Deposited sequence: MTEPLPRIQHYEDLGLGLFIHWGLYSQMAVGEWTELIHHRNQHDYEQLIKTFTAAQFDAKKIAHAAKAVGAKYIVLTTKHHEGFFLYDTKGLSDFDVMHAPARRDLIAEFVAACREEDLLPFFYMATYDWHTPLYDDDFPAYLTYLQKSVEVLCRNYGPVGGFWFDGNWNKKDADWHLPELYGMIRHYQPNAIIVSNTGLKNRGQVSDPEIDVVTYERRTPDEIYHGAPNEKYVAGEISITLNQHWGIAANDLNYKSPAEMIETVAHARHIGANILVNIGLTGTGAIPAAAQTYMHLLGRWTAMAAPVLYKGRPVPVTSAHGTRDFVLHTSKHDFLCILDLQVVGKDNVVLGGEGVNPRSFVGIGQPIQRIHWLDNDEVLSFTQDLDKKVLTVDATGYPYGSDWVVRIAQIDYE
């Protein structure tokens, strides 16, 4: 029924963002929850402020890399559960980057770098806080502190792409005074996108614009009750098991799974964040760079559909995971489980005719071609039953796109 507000339409066009976890935890490289889960002495853990130099943090390099990977926004942790702030809190707290050797407002560097690359800057903010005794001792006063921290971000950095709130789930029963928090954001940042990790329950507040979901969600996501405000959706993937850097977490997902995940998000009508954890001093680690390079080659190829493509009621035949995305000028077949083509005696698996069918395309087609190399595909249609069948040829030897995309040109 209702259609997205302009700022939410713009959000859905972003498609892909980079999530960045960086805090004091990064110096230990054993996960962002280390303070709580490893039962550390608070006083000793908080001494990490003294070695927070940010000596290798280069916001320009990060924004350039985000642009190259095809991301259109970046979510940076401005304050995680540990409660340390990566920006100048202007007197709210001494546990911030201005009281660290770094002495730079990192958020200011980040916002300027994003603007130069035409990326939207988003601010992650943890609402469950392990630093301030207010959280357990005086929750109402905690709410004021949380709100003021958000307000500083709202008033000192120019227009903000969005806020990414995490952690109300810690006290599911409490009154978090969302009307006041969100209202303040609307007042200073009317165009900001408000994302919530615990947006659902029916949404947790009318001002929420986006709700997060499990990456494995099978079907098109929920957009709100009819006649209510349309709410977008977003999924997240981290490269291993942890969000902050974790040196001895070897359990990385394949680049292939990462590409399939990104494609999948688009298929169910969501944005996707791909997460990297910076080193203690703020560098992109070499492993993350590898994943970004590979994803970048895919998103460059997929550019005609990744941003504007939307789910459409077109299904694939029995036993395939193929799907279709719609833009106003074209449909795109996203085709999975292809193999590489050999020659003569050398059989790699992609060589035979490979009919892939779809149900729901009722218009006559002029031409279909692979985005990666412009090869024209042969096809048949039954317009009455709305059946399309293409011969989905395998990859040219030497290449393998994991999710291959064919563009349909209508008559």
Going from the first residue of the deposited sequence to the last, where are the unmodelled runs? 202-204
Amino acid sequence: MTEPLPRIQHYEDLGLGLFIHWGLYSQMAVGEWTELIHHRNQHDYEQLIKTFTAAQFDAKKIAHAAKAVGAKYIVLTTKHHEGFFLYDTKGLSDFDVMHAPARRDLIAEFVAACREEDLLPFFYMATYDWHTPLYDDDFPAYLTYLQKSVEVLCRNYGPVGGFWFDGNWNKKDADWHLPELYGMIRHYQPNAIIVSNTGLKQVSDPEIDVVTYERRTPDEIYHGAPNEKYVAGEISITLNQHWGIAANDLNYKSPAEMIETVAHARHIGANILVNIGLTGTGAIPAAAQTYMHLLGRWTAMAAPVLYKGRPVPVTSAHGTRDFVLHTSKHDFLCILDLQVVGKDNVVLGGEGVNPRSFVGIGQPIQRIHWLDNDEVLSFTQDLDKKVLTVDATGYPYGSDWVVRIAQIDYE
From here on, numbers count along this sequence of modelled residues.
Entry B factor averaged over C-alpha atoms, 307-315 against 337-345: higher for 337-345
Of 165-173 and 208-216, which one has the bigger average CA B-factor? 165-173
Sorting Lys253, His187, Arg266, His242 by Cα temperature factor from the record, which one lands on top? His187
Which is it among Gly199, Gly83, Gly277, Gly233: the one with the largest CA B-factor in the entry? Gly199
Taking only the Cα B-factors deposited for this chain, tell me whether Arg103 sits in the lowest, middle or highest third. highest
Which third of the chain does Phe110 land in by C-alpha B-factor: lowest, middle or highest? middle
Give the position of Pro159 by CA B-factor within its chain, expressed as the lowest, middle or highest third. highest
Quick check on the deposited entry: does the C-alpha B-factor of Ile8 sit in the lowest, middle or highest third of its chain? middle
In terms of the CA temperature factor given in the entry, to which third of its chain does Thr327 belong: lowest, middle or highest? highest
